[PDB]
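Worksheet: one structure, shown below.
Where a number appears in this text, it was derived from the coordinates with a stated rule and is not lab data. All Cβ positions, even for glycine, are placed from backbone atoms using ideal geometry, and neighbour counts span all protein chains on display.
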Ligand SMILES: *[C@@H]1O[C@H](CO)[C@@H](O)[C@H](O)[C@H]1NC(C)=O
Ligand SMILES: *[C@@H]1O[C@H](CO)[C@@H](O)[C@H](O)[C@H]1NC(C)=O
């Protein structure tokens, strides 16, 4: 999501399948938003 | 070799409720379907209703809803019928028929193999 | 609510003769009819079920016949103890069941 | 000949999972609950909500289900759609009727015999002025199952059919098919929550084992109910349908929906947009301070005559119409062109007030188009 | 062709093309309004009947036929009733029959026309003594769509034999186009 601060993405859009992509430990914050379903690896 | 035992004669005052129970022993009580038939002087035989054999429910009849309630217990193998709202013509003798054996699918209104008969009278 | 009637109201048959009972209904009662015998001081006892097959253990004197809405009951042997009140019940529905007026078996004299 | 069997306790959840027939939950009403190893079965087909479209499944190897009924509560108050199965015919009886709570059909183990099997269906106690007349070819012919989808859009009930012989699966484990051809029956109805209809073709007078010794019931009807999705389906050669890809099943399928294609190349894609919606609705105005001087026209010491009626002008203030209308003191209020519920949103330049004294018979003459004293 | 109709105005389609189109469905409505109330029948009008009793969609396809009926509805007649208002504004084409009165204040009147409660049934006044604009009019409204099931309903014209390998104006269920009619080996479906 783009420029949200991501604290409102569960309510930004419903579907129970989409509920997995809204709340959980798989949330990481970027400067462009937050990427859901990604793990922040320290490698590059 | 199937025998049916009904409750004894009782006298109920007006405005009260009386429960009549018929017990079946020595036969397939679970596969039986009890019914209620009352005969009074000055009129022909009347059937208040019966229990469905296949499904099982208090299938009432016309002009009988809200007056007679019938419940059947599989464990006790006894059916009790309760006139509540108790008038003079309601006093009769009730008969029980559990072995419904003349009909198609879901036999009802057996009018056969009647019980001993319980006498109920209403008086002040 | 079907309507059924039983005729005659009173029948006087001497012992050892044949007693005939006629039954009728307002609907098709070819395979839906109930015959029972009742006595004073006791509950009614079934005699013929379906107007075509006799109950097990019943006397062989009692018999039934007829087709459609009309049914005929005939007794080959007449007995004093067998003389009682007989009625026909309508079973067109499953609901409400409407029994007939009934008949009184009298002794001819 | 109507019998009641509504005394039963069905499963509370009654939930089953379907993979793709997307990936939603369909009710699993059973209507056959044997109480242990010995007991009497209970039949229960309660009226389920329509929810703007319903999909029903048969899953019967002996054609236990003989159609469906639909409409309002069916108490001789509104038209109700009907569908029944004859020997070799199709019956549609969409009309007004007041039948029993539990519909039933007639079955007495019609085996190979001299055609003396008695049957009687009790599903229509009464019949009003019918408005349906249509007969179609009946459908009667290692597993056997079928399904149909009904949808009323007030112009035509575009029904479906799933006569394909689904087998080698417990109950719809993975359905790689999509077919919905059926004859439409255009009628004008206001069909409310509908209900099913089953035939009790399980009674046998010569069973080897007691307590429902037959092979199966089998009134296992699956109903499930619908949603206004926008699933994208692609055509197929010979006019069939290959598969069905939804636009809101999961984020991956939304990419296929916005790209108008099935395959997706590796990369990033934009599908739609998100926006949080407002929760309340607020309207603000400056504070109400300078009320109109209405005391001079409601508590005047003296009034005027007919020919010398006084004129009162009220302006440059605020007039609360709610307190004046909700006073519980007047008995006559009639006018044309405006309504009390529309007085809350309207403004005029000036308001004129007049008062006078009239007689008992001089009250009905104040109306345009009438003459009097 | 008949000149017995004094009110024939519709904007959805043109009357001259009614013999060259197929409707696939026809809806006929019957109701009685006043002489000056004929302006309220066109879709999207300002007033009372068009917004509170009979609301027509903005995208409408159909024609309205109206004619004078003063010689059959004038005695006056009090069998023409209509409701005035209700709770709020809802979606068009809602039908309900009830004798429930309308309450707008705070006192919950139950079937009594007391304080702030009135009897919803109101009747018009039709008499021969009234002038133009108050005569009773019988208005019949026709409507139809285009995108539905197979038509099976078309105009009075008769079919023409097919010709192939020639640019002709084909007419299949009411659509007009120019093209070449050729045999196709595609296997369609029975619906
Ligand atoms: C990356 O290294 C930092 C060092 O402080 C650590 O806090 C963080 O948890 C690491 N992230 C991983 C291992 O994913
Ligand atoms: C389409 O139909 C043709 C002829 O009817 C057949 O040969 C072909 O296999 C069909 N294709 C499919 C995918 O069923």
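The single condition among (1) out of contact with any strand residue (DSSP E or B) (no Cβ under 9 Å at 6 or more places or on another chain); (2) at negative phi that residue C:57 does not satisfy is (2). Just one of the listed residues (D:238, D:290) is away from ligand 1 (no atom under 16 Å from the Cβ) and on the phi > 0 side of the Ramachandran plot, and it is D:238.
For region D:189-199, indicate whether the set of residues that are surrounded by 14 or more Cβ atoms within 10 Å (Cβ to Cβ) and within 14 Å of chain B (Cβ to nearest Cβ) is non-empty. Looking for residues that are surrounded by 14 or more Cβ atoms within 10 Å (Cβ to Cβ) and within 14 Å of chain B (Cβ to nearest Cβ), one finds at least one in region D:189-199, hence yes.
Scanning region A:1-43 for residues that are in contact with a helix residue (DSSP H, G or I) (Cβ under 6 Å, 6 or more places away or on another chain) and either within 14 Å of chain D (Cβ to nearest Cβ) or farther than 28 Å from residue D:25 by Cβ (or both) yields A:1, A:22.
If we keep just the residues of region C:78-92 that are in contact with a strand residue (DSSP E or B) (Cβ under 9 Å, 6 or more places away or on another chain) and more than 16 Å from residue C:48 (Cα to Cα), which is nearest to the other protein chains (Cβ to nearest Cβ)? This residue is C:92. Every test in (1) farther than 23 Å from residue C:101 by Cβ; (2) in a strand (DSSP E or B); (3) within 14 Å of chain C (Cβ to nearest Cβ) is passed by residue B:80 save one, and that test is (3).
Of the residues screened, residue D:241 is not one that is surrounded by 13 or more Cβ atoms within 10 Å (Cβ to Cβ) and closer than 18 Å to residue D:83 by Cα. Scanning region C:93-100 finds one or more residues that are under 27 Å from residue B:119 (Cα atoms), within 13 Å of chain B (Cβ to nearest Cβ) and assigned to a strand (DSSP E or B). Whether a residue is in a loop (DSSP other than H, G, I, E, B), out of contact with any helix residue (DSSP H, G or I) (no Cβ under 8 Å at 6 or more places or on another chain) and within 14 Å of another protein chain (Cβ to nearest Cβ) was assessed, and residue E:59 does not pass this test. Would you confirm whether any residue within region D:218-238 is touching a strand residue (DSSP E or B) at 6+ places or on another chain (Cβ under 8 Å) and within 30 Å of residue E:153 (Cα to Cα)? There is at least one residue in region D:218-238 that is touching a strand residue (DSSP E or B) at 6+ places or on another chain (Cβ under 8 Å) and within 30 Å of residue E:153 (Cα to Cα).
When D:172, D:185 are checked against the criterion of being out of contact with any helix residue (DSSP H, G or I) (no Cβ under 8 Å at 6 or more places or on another chain) and at positive phi, a single residue qualifies: D:172. Taking the numbered list (1) within 21 Å of the chain's Cα centre (by Cα); (2) more than 12 Å from chain D (Cβ to nearest Cβ) in turn, residue E:126 passes all entries but (1). Between D:51, D:45, the distinction of being within 14 Å of another protein chain (Cβ to nearest Cβ) and assigned to a loop (DSSP other than H, G, I, E, B) belongs to D:45 only.
Does region D:329-351 include one or more residues that are out of contact with any strand residue (DSSP E or B) (no Cβ under 7 Å at 6 or more places or on another chain), farther than 25 Å from residue E:104 by Cβ and surrounded by 11 or more Cβ atoms within 10 Å (Cβ to Cβ)?
no
The number of residues in region A:15-44 that are more than 19 Å from residue A:2 (Cβ to Cβ), in a loop (DSSP other than H, G, I, E, B) and away from ligand 1 (no atom under 15 Å from the Cβ) comes to 3.
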